[PDB]
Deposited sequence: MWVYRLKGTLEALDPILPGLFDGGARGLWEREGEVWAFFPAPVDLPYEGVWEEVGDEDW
């Protein structure tokens, strides 16, 4: 899985969240000042978030 990491809370980033799902996000997880958006693979987005690959399994 890939994660797109964006600085901000779910509240703060609310306006762009539907666009993340439209782009293929499977779910969002708010973690210490960031929103992690999970994608099967990177996709074209304008936000300059950080792409990072994650394993299923901490």
Deposited positions lacking CA coordinates:
58
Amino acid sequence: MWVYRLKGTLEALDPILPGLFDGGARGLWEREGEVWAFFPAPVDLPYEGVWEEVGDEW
From here on, numbers count along this sequence of modelled residues.
Per the PDB record, is the mean Cα temperature factor higher over 15-23 or over 45-53?
15-23
